[PDB]
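Shown below, as structure tokens, is a lone chain in the form deposited in one PDB entry; questions about how it binds or moves come after it.
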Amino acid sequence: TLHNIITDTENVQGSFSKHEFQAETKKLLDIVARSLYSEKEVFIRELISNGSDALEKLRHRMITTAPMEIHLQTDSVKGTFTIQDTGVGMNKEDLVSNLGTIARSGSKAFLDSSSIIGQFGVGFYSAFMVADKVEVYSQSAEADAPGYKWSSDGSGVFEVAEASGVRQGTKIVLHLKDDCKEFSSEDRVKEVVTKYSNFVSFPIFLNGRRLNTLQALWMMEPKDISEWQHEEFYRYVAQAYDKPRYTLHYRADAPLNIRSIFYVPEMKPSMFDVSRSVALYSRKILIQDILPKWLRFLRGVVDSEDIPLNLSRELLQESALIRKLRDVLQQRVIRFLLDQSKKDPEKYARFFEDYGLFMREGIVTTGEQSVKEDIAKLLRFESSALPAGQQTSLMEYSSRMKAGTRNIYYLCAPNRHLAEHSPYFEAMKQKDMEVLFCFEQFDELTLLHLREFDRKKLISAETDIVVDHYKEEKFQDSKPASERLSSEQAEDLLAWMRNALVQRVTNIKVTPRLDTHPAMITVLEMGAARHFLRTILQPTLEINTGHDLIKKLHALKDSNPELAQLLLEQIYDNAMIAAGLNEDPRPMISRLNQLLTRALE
């Protein structure tokens, strides 16, 4: 039933020769020269980092004064790019060993702490991506020491000749290939520097003008950072013009090394961009997610020494590692935002109004219940048990629940007045249960997807009203029996209503649970029905036979049957609208206007 050819059959005959791996060096030069990096411009990053390492080796050994800097020059007329550092330089033996041997890194034999970038022994060859000729002039300290010129066309061979007039350090001239002349442009070179080499530890000069390198804030001690320094750094990393309303400066060492800053912009998010975020670093140079999708409103920077880098310094090398980093950051950001709620609830209300949509998206799109509930801790509602305007949370609702209660009741309505006076809340007031009031458009969807919180099932007031019909409906009316239609009158009214609304409602019943309102529409899965109307069901019309409008309808059906029918139709429509289950309300206006005149004689 199976097809296999792999069998343990092989056996060694006789002896074995030992061999050493070799290398096809001409082809290796070519691989590094056109196949290693996806973007040609990174030769600038590679040569600058070598210059920084040379300056580090000099700074380290001179403890044990001279200037320590990196100079760039563009000559568009001669088509050349030049970088010179004032670092340790190289002697002749160093030039042929380090530049001559691919994968040889002097900067790795240097130990035996943390400023060095070099390791792979290949970065220098990236110049041959953009140059058909490379000259190096280098001068060691002290040491012997003559000056040397190293020269190569990049494919095969190089030459080393003694030289005079070589300044302490190293100068590299690239005679640019004809299709790489952009790198003889000052603006072009400047933009590559600030992209990749913007936090280098030594001054960089481009054509005699010093460049505005920055401090790597994320690596520094958090209360050595003023608010003003965060405003400026935020504007740089977010390329923004405003300022951050929150700043989270997050360092960790276990389980992962993490050095990170996150900002929430003062600006409200663009709605065009929400439907249309953080830079990743190591050793202060860039890597080409890190955050769950719902936290993409965050700006800032993340740096982690546990992210291994591929040879090219643009791929990150362990995806499960990245899910772990993502999950650590997500929990830390949730903890931060909860803390902001405690510190300053009014400012958090503003933040929740501007960014809450991201919390809702996060809850709806996660599959992990514990993650859903963690994000849900950020949500804010009002409550029937609190004064109007006062914001509360799911956890505060949980803590007020009596020892016996098993469910969290909520009511979705456009504003505080409507929830407080909803027919659905009037029905719930008969019970002894707090009711969360939720005013935002996608609140109900969110709670439906959340489903439970702290092992307590979420139940909307509308749903709960229907489930009571199938329990011991032990509810008493708000007006005494004198003030309601008699049973004979109700049943006569209901039989008339069923005939007049025959192809619209599944059933029509009297309810003891309304006071202000004449009627309500009920649907077991009310929240799902509201959402499904996102461009016919089994709705029940429940009537308050103590309401003056219902009592009048019962009279109109015999005193003016046609006026009663227009009125019945409008009561149904009003209840549908109150239920949030109404289609386009415009065609109702004619009947209402026709009803209004007829009612007003």
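Residues carry their position along the shown sequence, with the first being 1. Between two forms, the rigid core is defined as the largest C-alpha subset superposing within 1.5 Å.
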Quiz prompt | Cross-entry absence of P480, a third or more of other PDB entries | solution = yes
Practice problem: Specify whether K471 falls into a modelling gap in a third or more of the other PDB entries of this protein. | Solution: yes
Self-check item: Unresolved deposited residues in the interval that joins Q430 and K431
Solution: none
Quiz item: Hey, which bit's got the bigger mean C-alpha B factor in the entry, 557 to 565 or 28 to 36?
Solution: 557 to 565
Quiz prompt | 469 to 477 or 127 to 135, whichever carries the higher mean Cα B-factor | solution = 469 to 477
Quiz prompt | Identity of residue with top Cα B-factor, from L176, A145, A519, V173 | solution = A145
Practice problem: Could you tell me which one of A419, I285, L450, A279 shows the highest CA temperature factor in the PDB record? | Solution: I285
Quiz item: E46's Cα B-factor: lowest, middle or highest third of the chain?
Solution: lowest
Practice problem: Name the third of the chain's ranked CA B-factors that contains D53, choosing lowest, middle or highest. | Solution: middle
Exercise. Pull the Cα B-factor of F351 out of the PDB entry and bin it into the chain's lowest, middle or highest third.
Key: lowest
Quiz item: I204's Cα B-factor: lowest, middle or highest third of the chain?
Solution: middle
Exercise. For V12, return the chain-relative third of its C-alpha B-factor as stated in the PDB record: lowest, middle or highest.
Key: middle
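Form deposited in another entry: not shown, discussed below.
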Practice problem: Using the rigid core as the fixed frame, list which single one of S152, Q84, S126, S304 shifts its Cα by at least 2 angstroms between this form and the one not shown. | Solution: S304
Practice problem: Superpose the two forms on their rigid core, then report whether the C-alpha of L567 is displaced by 2 angstroms or more between this form and the one not shown. | Solution: yes
Self-check item: Core-aligned C-alpha movement of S49 between this form and the one not shown, 2 Å or more
Solution: no
Quiz item: For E10, is the CA shift between this form and the one not shown at least 2 Å following rigid-core superposition?
Solution: yes
